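Here's the structure we're looking at; comments come further down.
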Amino acid sequence: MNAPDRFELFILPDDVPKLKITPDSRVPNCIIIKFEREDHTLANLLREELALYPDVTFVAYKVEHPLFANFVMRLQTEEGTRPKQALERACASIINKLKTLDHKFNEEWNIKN
Amino acid sequence: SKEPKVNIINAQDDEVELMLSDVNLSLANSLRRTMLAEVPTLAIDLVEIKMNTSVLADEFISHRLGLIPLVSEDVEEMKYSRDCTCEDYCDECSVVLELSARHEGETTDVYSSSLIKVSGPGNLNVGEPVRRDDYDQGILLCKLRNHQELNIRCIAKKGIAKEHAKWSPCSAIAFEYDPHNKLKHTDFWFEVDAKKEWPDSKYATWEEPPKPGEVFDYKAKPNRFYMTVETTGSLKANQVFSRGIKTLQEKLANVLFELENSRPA
Amino acid sequence: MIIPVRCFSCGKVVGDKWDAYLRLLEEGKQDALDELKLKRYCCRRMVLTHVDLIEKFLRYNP
Amino acid sequence: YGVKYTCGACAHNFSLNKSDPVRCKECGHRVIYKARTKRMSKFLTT
Ligand SMILES: [Zn+2]
Ligand SMILES: [Zn+2]
Ligand SMILES: [Zn+2]
């Protein structure tokens, strides 16, 4: 009756970017990234790998409200180092970790009877 | 070989126990849910009933078939009806099925085995009534009496567990870590003795016991996770792990891709 | 009212398992669930609680 | 090809119109259902 169409939990709707990045005025060298059609599955994973770049001064994320599949990610880094980059890096470190995983799980498997 | 590492334990066709070490829980969990919800599959989605004298109603059966597990091997070389340039559907993005059931044998049953595959499979593993039943007719759709008929026509499509549960190929997944509460990520309830009143897990044997004389370790983090990946069919227990590991990756990709599309301007 | 394909709770299929069960009773006189491969109670309760009405419905004429 | 009304018991395709009585080709039992449609009905699998 009033509930959305299921496919609104992953498909971007009419003109909408996965990412929208906004500068934060509250404190220097900080940003808030709006991720559209996403959740903890991906949020918390990005949040995590950032407290890994000891070059990142801050990193938390949140789901405004459960009805809407979106989420905000706030990042702040050291001097003259752009967080967006740290987002790239910490994001890449993620794929590799998984790239390795995929592989280590395949050779491993074959050795089964 | 490199970063995180696996160490499979007893594994079969409908399960895959294994230990995942050298990874942040955060990341284990992420993969956890990804299997549970976002791996492309193939389920019946549209049902065009023609005749039906069964005691079950139209949409009741319709539901049923939505759940019947279909093949989803080369599910990846098919397209989402939403992206296919064909008005409605076609061989390039769907699998059509037939079902005819006339009551002749004066209780006749309708098993998922009774499904035809009227459209062109284009020579790719997909659209098959996954049967694991001992006899050879897995999933009793429904029963019917004397002269009750029933003619359908199903159309299957890609989709995922987000869109609907009728998709996710996961179906239950075990997850545990640090069986001996060393990290103290829990405060055991108890009347007198926590340890005696709280069942010890079968997982406590691949990690060393506590050892009293030691003070509380703090700098230690959640490393190593004992899991188990059950499958319902559609995709091989192994893949339901691989593909998972990969889709999560594809997503992490666009987050980096979408990124790039925003630097030029 | 027929058997429920796949368990609500976890998801594991369970449509086929009906006849196997209702059989391991009548004859083998038996636990049944356990061998049918129905481990954790979520799916367990699924089978062990189904009351197959369809049978009685089927007893009706046209 | 073609069917109009059916009987509550002896499900035998009938067919009528005004004043032609409201019974059946035998059984007096004056019930009768109005058999399914020709235009197929389309369903969703959720
Ligand atoms: Zn198409
Ligand atoms: Zn279950
Ligand atoms: Zn009559």
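Simple scheme: letters A, B, ... for chains in structure tokens order, numbers from 1 for residues in each chain, numbers from 1 for ligands in the order shown.
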Mind the document's chain letters and residue numbers, and return as number ranges by chain the residues of chain C that DSSP labels helix (DSSP H, G or I).
C: 17-26, 32-36, 41-48, 54-57
Please dump the current selection as a short mmCIF file (atom, residue, chain, number, x, y, z; two decimals), in the first residue's frame; keep N, CA and C atoms.
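In the end it all went to out.cif:
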```cif
data_model
loop_
_atom_site.label_atom_id
_atom_site.label_comp_id
_atom_site.auth_asym_id
_atom_site.auth_seq_id
_atom_site.Cartn_x
_atom_site.Cartn_y
_atom_site.Cartn_z
N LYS C 17 11.29 -33.01 1.18
CA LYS C 17 11.33 -33.69 2.43
C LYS C 17 9.97 -34.06 3.01
N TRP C 18 8.85 -33.57 2.47
CA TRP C 18 7.61 -33.97 3.13
C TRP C 18 7.35 -35.45 3.04
N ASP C 19 7.18 -35.97 1.83
CA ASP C 19 6.90 -37.39 1.71
C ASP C 19 7.94 -38.29 2.40
N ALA C 20 9.22 -37.93 2.31
CA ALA C 20 10.28 -38.71 2.96
C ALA C 20 9.94 -38.90 4.44
N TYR C 21 9.61 -37.80 5.10
CA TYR C 21 9.25 -37.78 6.51
C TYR C 21 7.99 -38.60 6.82
N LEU C 22 6.85 -38.15 6.29
CA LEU C 22 5.58 -38.83 6.52
C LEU C 22 5.67 -40.33 6.21
N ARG C 23 6.78 -40.73 5.59
CA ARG C 23 7.06 -42.12 5.23
C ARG C 23 7.90 -42.80 6.33
N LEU C 24 9.06 -42.23 6.65
CA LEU C 24 9.94 -42.77 7.69
C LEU C 24 9.18 -42.97 8.98
N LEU C 25 7.90 -42.62 8.98
CA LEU C 25 7.06 -42.80 10.16
C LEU C 25 6.24 -44.05 9.95
N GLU C 26 5.25 -43.93 9.08
CA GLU C 26 4.36 -45.03 8.77
C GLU C 26 5.07 -46.38 8.75
N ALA C 32 13.47 -38.89 12.70
CA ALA C 32 13.18 -38.81 11.28
C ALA C 32 13.85 -37.57 10.71
N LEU C 33 13.47 -36.42 11.25
CA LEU C 33 14.00 -35.13 10.84
C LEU C 33 15.51 -35.16 10.75
N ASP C 34 16.17 -35.51 11.85
CA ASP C 34 17.63 -35.57 11.88
C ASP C 34 18.26 -36.26 10.67
N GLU C 35 17.70 -37.39 10.23
CA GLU C 35 18.26 -38.09 9.08
C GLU C 35 17.87 -37.39 7.78
N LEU C 36 16.68 -36.78 7.78
CA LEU C 36 16.20 -36.03 6.61
C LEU C 36 17.09 -34.81 6.41
N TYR C 41 16.56 -26.12 14.84
CA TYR C 41 15.13 -25.97 15.02
C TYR C 41 14.33 -25.08 14.08
N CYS C 42 14.98 -24.08 13.48
CA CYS C 42 14.26 -23.17 12.59
C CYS C 42 13.57 -23.95 11.49
N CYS C 43 14.33 -24.79 10.81
CA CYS C 43 13.76 -25.61 9.76
C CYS C 43 13.06 -26.79 10.42
N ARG C 44 13.61 -27.26 11.54
CA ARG C 44 13.01 -28.38 12.27
C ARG C 44 11.51 -28.14 12.48
N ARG C 45 11.20 -27.07 13.19
CA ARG C 45 9.83 -26.69 13.49
C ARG C 45 8.98 -26.63 12.23
N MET C 46 9.61 -26.30 11.11
CA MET C 46 8.91 -26.20 9.84
C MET C 46 8.11 -27.47 9.56
N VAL C 47 8.83 -28.59 9.45
CA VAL C 47 8.23 -29.90 9.16
C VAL C 47 7.42 -30.49 10.29
N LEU C 48 8.06 -30.59 11.46
CA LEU C 48 7.46 -31.14 12.65
C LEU C 48 6.17 -30.44 13.08
N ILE C 54 -4.48 -29.71 2.95
CA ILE C 54 -4.73 -30.02 1.55
C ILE C 54 -5.38 -31.37 1.39
N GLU C 55 -4.99 -32.31 2.24
CA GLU C 55 -5.55 -33.65 2.17
C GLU C 55 -7.06 -33.59 2.32
N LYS C 56 -7.52 -32.92 3.37
CA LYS C 56 -8.94 -32.84 3.61
C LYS C 56 -9.63 -32.01 2.54
N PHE C 57 -8.99 -30.93 2.09
CA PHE C 57 -9.55 -30.08 1.04
C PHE C 57 -9.83 -30.94 -0.20
#
```
For chain B against chain D, with a cut-off of 9 Å and counting only C-alpha atoms, what is the closest atom pair and its distance in Å to one decimal for every residue that makes the cut, ordered by chain and number, as a Markdown table?
```
| residue | atom | partner | partner_atom | distance |
| --- | --- | --- | --- | --- |
| B:43 | CA | D:45 | CA | 8.4 |
| B:44 | CA | D:45 | CA | 6.4 |
| B:45 | CA | D:45 | CA | 4.6 |
| B:46 | CA | D:44 | CA | 4.9 |
| B:47 | CA | D:43 | CA | 4.8 |
| B:48 | CA | D:42 | CA | 4.7 |
| B:49 | CA | D:41 | CA | 6.1 |
| B:50 | CA | D:40 | CA | 5.9 |
| B:51 | CA | D:36 | CA | 8.0 |
| B:58 | CA | D:43 | CA | 8.1 |
| B:59 | CA | D:43 | CA | 6.6 |
| B:61 | CA | D:45 | CA | 9.0 |
| B:62 | CA | D:45 | CA | 5.5 |
| B:63 | CA | D:45 | CA | 5.1 |
| B:64 | CA | D:45 | CA | 7.8 |
| B:65 | CA | D:45 | CA | 6.9 |
| B:66 | CA | D:45 | CA | 4.5 |
| B:67 | CA | D:45 | CA | 7.9 |
| B:164 | CA | D:46 | CA | 7.3 |
| B:165 | CA | D:46 | CA | 8.7 |
| B:166 | CA | D:46 | CA | 7.5 |
```
At a cut-off of 12 Å, which residues of chain C touch chain D? Count only C-alpha atoms and give the answer as a list in words.
residues 60, 61 and 62 of chain C
Quick one: of B:33, B:9, B:136, B:92, who's nearest to ligand 1, counting only C-alpha atoms and all ligand atoms?
B:92
Using Å and a single decimal, report how far atom CA of residue 30 of chain B sits from atom CA of residue 45 of chain A.
6.6 Å
May I have the residues within 12 Å of residue 20 of chain B as a VMD selection string, using only C-alpha atoms and disregarding those fewer than 3 positions away in the same chain?
(chain A and resid 98 101 to 102 104 to 105 108) or (chain B and resid 3 to 9 16 to 17 23 to 25 27 to 29 31 to 32 175 to 177 222 to 228 241)
List every residue of chain D that has an atom at most 7 Å from any atom of ligand 3, giving for each one its closest atom pair and the distance in Å to one decimal, counting only C-alpha atoms and all ligand atoms, sorted by chain and then by ascending residue number, as a tab-separated table.
```
residue	atom	partner	partner_atom_place_in_ligand_line	distance
D:7	CA	ligand 3	1 (Zn)	5.1
D:9	CA	ligand 3	1 (Zn)	6.6
D:10	CA	ligand 3	1 (Zn)	5.2
D:12	CA	ligand 3	1 (Zn)	6.9
D:23	CA	ligand 3	1 (Zn)	6.9
D:24	CA	ligand 3	1 (Zn)	4.1
D:25	CA	ligand 3	1 (Zn)	5.6
D:26	CA	ligand 3	1 (Zn)	5.1
D:27	CA	ligand 3	1 (Zn)	3.9
D:28	CA	ligand 3	1 (Zn)	6.3
D:29	CA	ligand 3	1 (Zn)	6.3
```
Restricted to N, CA, C and O atoms, what would the selected residues look like written as a compact mmCIF listing (two decimals), in the first residue's frame?
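Okay, this is what ended up in again_5.txt:
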```
# COMPACT_ATOMS: atom_id res chain seq x y z
N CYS D 7 -22.32 -26.22 -12.95
CA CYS D 7 -23.20 -26.63 -11.84
C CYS D 7 -22.41 -26.96 -10.57
O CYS D 7 -21.33 -27.54 -10.65
N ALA D 9 -22.41 -29.25 -8.55
CA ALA D 9 -22.07 -30.66 -8.33
C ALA D 9 -21.60 -31.36 -9.60
O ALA D 9 -20.42 -31.68 -9.76
N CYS D 10 -22.55 -31.63 -10.49
CA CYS D 10 -22.27 -32.28 -11.76
C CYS D 10 -21.71 -31.22 -12.68
O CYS D 10 -22.40 -30.73 -13.58
N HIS D 12 -20.99 -29.72 -15.30
CA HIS D 12 -21.20 -29.86 -16.73
C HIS D 12 -21.47 -28.50 -17.38
O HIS D 12 -22.48 -27.85 -17.10
N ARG D 23 -31.75 -23.65 -14.07
CA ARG D 23 -31.51 -25.00 -13.54
C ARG D 23 -30.36 -25.64 -14.30
O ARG D 23 -29.49 -24.95 -14.81
N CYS D 24 -30.35 -26.97 -14.38
CA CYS D 24 -29.28 -27.65 -15.09
C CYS D 24 -29.79 -28.83 -15.94
O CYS D 24 -30.91 -29.30 -15.74
N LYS D 25 -28.97 -29.29 -16.89
CA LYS D 25 -29.33 -30.40 -17.78
C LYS D 25 -29.50 -31.70 -17.00
O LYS D 25 -28.93 -32.73 -17.36
N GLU D 26 -30.28 -31.63 -15.92
CA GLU D 26 -30.57 -32.76 -15.05
C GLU D 26 -30.82 -32.25 -13.63
O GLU D 26 -31.89 -31.70 -13.34
N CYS D 27 -29.83 -32.41 -12.76
CA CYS D 27 -29.93 -31.96 -11.36
C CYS D 27 -30.73 -30.68 -11.24
O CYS D 27 -30.37 -29.65 -11.82
N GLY D 28 -31.83 -30.74 -10.49
CA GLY D 28 -32.64 -29.56 -10.30
C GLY D 28 -31.83 -28.46 -9.62
O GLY D 28 -31.94 -27.29 -10.00
N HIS D 29 -31.02 -28.85 -8.63
CA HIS D 29 -30.18 -27.93 -7.86
C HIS D 29 -29.76 -26.70 -8.67
O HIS D 29 -28.78 -26.72 -9.42
```
Write out as number ranges by chain which residues come within 12 Å of residue 15 of chain C when counting only C-alpha atoms, dropping same-chain ones fewer than 4 positions away.
B: 64-65, 67-69, 110-112, 130-133, 137-142, 232; C: 2-7, 11, 19-21, 36, 43, 46-47, 50
Take the residues from that selection and write them out as a CSV table (one decimal), in the first residue's frame, keeping C-alpha atoms.
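After the write, part37.csv holds the following:
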```
chain,number,residue,atom,x,y,z
B,64,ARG,CA,5.4,-21.5,-4.3
B,65,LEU,CA,7.1,-21.4,-7.7
B,67,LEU,CA,10.6,-20.3,-4.2
B,68,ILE,CA,11.4,-23.3,-6.3
B,69,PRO,CA,15.2,-23.3,-6.8
B,110,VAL,CA,2.9,-31.8,-9.0
B,111,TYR,CA,6.7,-31.8,-8.3
B,112,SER,CA,9.1,-29.2,-9.5
B,130,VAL,CA,17.3,-28.2,-8.9
B,131,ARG,CA,16.3,-31.6,-7.6
B,132,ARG,CA,18.2,-33.2,-4.6
B,133,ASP,CA,15.3,-35.4,-3.6
B,137,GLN,CA,11.1,-35.0,-8.1
B,138,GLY,CA,12.3,-32.5,-5.5
B,139,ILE,CA,9.8,-30.0,-4.0
B,140,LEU,CA,6.2,-31.1,-4.1
B,141,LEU,CA,4.5,-28.1,-5.6
B,142,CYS,CA,1.0,-29.4,-4.9
B,232,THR,CA,20.2,-24.5,-1.3
C,2,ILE,CA,0.4,-28.2,1.6
C,3,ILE,CA,4.1,-28.2,2.6
C,4,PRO,CA,6.1,-25.0,2.8
C,5,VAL,CA,9.0,-24.8,0.2
C,6,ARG,CA,12.1,-23.6,2.0
C,7,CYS,CA,12.1,-22.8,5.7
C,11,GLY,CA,15.9,-20.6,3.9
C,19,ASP,CA,6.9,-37.4,1.7
C,20,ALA,CA,10.3,-38.7,3.0
C,21,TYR,CA,9.3,-37.8,6.5
C,36,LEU,CA,16.2,-36.0,6.6
C,43,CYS,CA,13.8,-25.6,9.8
C,46,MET,CA,8.9,-26.2,9.8
C,47,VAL,CA,8.2,-29.9,9.2
C,50,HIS,CA,3.0,-28.7,9.4
```
Residue 72 of chain B surroundings by only C-alpha atoms, 7 Å radius, close-in-sequence under 5 positions cut, as a ChimeraX atom specification
/B:41-42,125-127,234-235
So that I can check the surroundings of segment 62-78 of chain A, please list as a VMD selection string every protein, DNA and RNA residue that reaches within 7 Å of it, counting only C-alpha atoms and ignoring chain neighbours fewer than 2 positions away.
chain A and resid 9 29 to 39 55 to 60 80 to 83
Excluding same-chain residues fewer than 4 positions from residue 88 of chain A, what lies within 10 Å of it counting only C-alpha atoms, as a compact mmCIF listing (two decimals) with N, CA, C and O atoms, in the first residue's frame?
```txt
# COMPACT_ATOMS: atom_id res chain seq x y z
N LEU A 46 34.29 0.18 4.55
CA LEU A 46 35.07 1.36 4.17
C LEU A 46 35.50 2.09 5.44
O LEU A 46 36.65 2.51 5.57
N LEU A 50 39.90 2.53 7.05
CA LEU A 50 40.40 3.90 7.11
C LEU A 50 41.12 4.18 8.42
O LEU A 50 41.98 5.05 8.50
N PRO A 83 41.60 13.55 1.91
CA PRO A 83 40.90 12.34 2.36
C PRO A 83 40.38 11.49 1.20
O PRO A 83 40.49 10.26 1.23
N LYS A 84 39.82 12.14 0.18
CA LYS A 84 39.29 11.43 -0.98
C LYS A 84 40.29 10.37 -1.40
O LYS A 84 39.92 9.23 -1.67
N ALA A 92 41.14 0.52 -2.10
CA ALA A 92 41.94 -0.41 -2.91
C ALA A 92 42.49 -1.55 -2.05
O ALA A 92 42.46 -2.73 -2.46
N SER A 93 43.02 -1.18 -0.88
CA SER A 93 43.57 -2.12 0.10
C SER A 93 42.52 -3.20 0.34
O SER A 93 42.83 -4.37 0.57
N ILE A 94 41.25 -2.77 0.27
CA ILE A 94 40.10 -3.64 0.47
C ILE A 94 39.99 -4.69 -0.62
O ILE A 94 39.87 -5.88 -0.34
N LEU B 252 32.97 -2.49 -4.20
CA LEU B 252 34.11 -1.70 -3.75
C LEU B 252 34.76 -1.02 -4.96
O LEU B 252 35.44 0.01 -4.83
N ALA B 253 34.55 -1.61 -6.13
CA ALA B 253 35.11 -1.12 -7.38
C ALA B 253 34.49 0.18 -7.84
O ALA B 253 35.19 1.18 -8.01
N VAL B 255 32.70 2.16 -6.27
CA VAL B 255 32.87 3.22 -5.30
C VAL B 255 34.15 3.96 -5.69
O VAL B 255 34.31 5.14 -5.41
N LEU B 256 35.04 3.24 -6.35
CA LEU B 256 36.30 3.83 -6.78
C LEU B 256 36.11 4.33 -8.20
O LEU B 256 36.71 5.32 -8.60
N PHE B 257 35.26 3.62 -8.94
CA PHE B 257 34.94 4.00 -10.32
C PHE B 257 34.10 5.26 -10.29
O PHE B 257 34.52 6.30 -10.80
N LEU B 259 33.88 7.26 -8.35
CA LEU B 259 34.80 8.29 -7.91
C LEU B 259 35.41 8.98 -9.13
O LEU B 259 35.22 10.18 -9.33
N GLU B 260 36.11 8.21 -9.95
CA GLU B 260 36.77 8.74 -11.15
C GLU B 260 35.88 9.61 -12.06
O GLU B 260 36.30 10.67 -12.54
```
Test item: residues no farther than 12 Å from ligand 1, counting only C-alpha atoms and all ligand atoms, as a short mmCIF file (atom, residue, chain, number, x, y, z; two decimals) with N, CA and C atoms, in the first residue's frame:
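Final file, selection-v4.cif:
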```
data_model
loop_
_atom_site.label_atom_id
_atom_site.label_comp_id
_atom_site.auth_asym_id
_atom_site.auth_seq_id
_atom_site.Cartn_x
_atom_site.Cartn_y
_atom_site.Cartn_z
N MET B 78 23.82 -13.83 -18.30
CA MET B 78 22.43 -13.49 -18.62
C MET B 78 22.25 -12.03 -18.16
N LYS B 79 21.24 -11.34 -18.68
CA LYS B 79 21.04 -9.96 -18.27
C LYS B 79 19.75 -9.70 -17.52
N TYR B 80 19.79 -8.66 -16.69
CA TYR B 80 18.62 -8.27 -15.93
C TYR B 80 17.58 -7.71 -16.91
N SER B 81 16.36 -8.24 -16.86
CA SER B 81 15.30 -7.77 -17.75
C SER B 81 15.28 -6.26 -17.83
N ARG B 82 15.74 -5.59 -16.78
CA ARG B 82 15.76 -4.14 -16.76
C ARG B 82 16.78 -3.53 -17.72
N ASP B 83 17.85 -4.26 -18.04
CA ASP B 83 18.86 -3.71 -18.93
C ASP B 83 18.70 -4.18 -20.36
N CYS B 84 18.05 -5.33 -20.54
CA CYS B 84 17.83 -5.89 -21.88
C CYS B 84 16.91 -4.99 -22.72
N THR B 85 17.34 -4.68 -23.94
CA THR B 85 16.55 -3.81 -24.81
C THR B 85 15.30 -4.43 -25.42
N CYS B 86 14.73 -5.44 -24.77
CA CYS B 86 13.53 -6.06 -25.31
C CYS B 86 12.31 -5.69 -24.51
N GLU B 87 11.26 -5.28 -25.19
CA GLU B 87 10.02 -4.93 -24.52
C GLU B 87 9.56 -6.20 -23.77
N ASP B 88 9.54 -6.15 -22.44
CA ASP B 88 9.11 -7.28 -21.57
C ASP B 88 10.15 -8.37 -21.24
N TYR B 89 10.39 -9.32 -22.16
CA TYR B 89 11.38 -10.39 -21.91
C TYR B 89 11.85 -11.12 -23.16
N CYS B 90 12.80 -12.04 -22.99
CA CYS B 90 13.31 -12.82 -24.12
C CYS B 90 14.36 -13.85 -23.70
N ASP B 91 14.80 -14.66 -24.67
CA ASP B 91 15.81 -15.70 -24.42
C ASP B 91 17.08 -15.11 -23.85
N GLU B 92 17.43 -13.91 -24.31
CA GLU B 92 18.65 -13.25 -23.86
C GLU B 92 18.61 -12.74 -22.42
N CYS B 93 17.47 -12.86 -21.75
CA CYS B 93 17.40 -12.43 -20.35
C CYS B 93 16.40 -13.20 -19.47
N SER B 94 15.72 -14.19 -20.06
CA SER B 94 14.76 -14.99 -19.30
C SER B 94 14.67 -16.47 -19.70
N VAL B 95 14.06 -17.23 -18.81
CA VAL B 95 13.86 -18.66 -19.00
C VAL B 95 12.36 -18.92 -18.81
N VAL B 96 11.72 -19.42 -19.86
CA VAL B 96 10.30 -19.70 -19.80
C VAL B 96 10.08 -21.16 -19.46
N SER B 119 11.79 -21.97 -23.54
CA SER B 119 12.62 -21.01 -24.26
C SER B 119 14.01 -21.58 -24.52
N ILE B 155 8.18 -17.55 -16.01
CA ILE B 155 9.24 -16.75 -16.60
C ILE B 155 10.22 -16.44 -15.47
N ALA B 156 11.46 -16.88 -15.60
CA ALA B 156 12.44 -16.67 -14.52
C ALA B 156 13.30 -15.49 -14.89
N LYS B 157 13.91 -14.85 -13.90
CA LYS B 157 14.75 -13.68 -14.16
C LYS B 157 15.90 -13.64 -13.16
N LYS B 158 16.87 -12.75 -13.41
CA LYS B 158 18.04 -12.64 -12.54
C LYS B 158 17.68 -12.27 -11.11
#
```
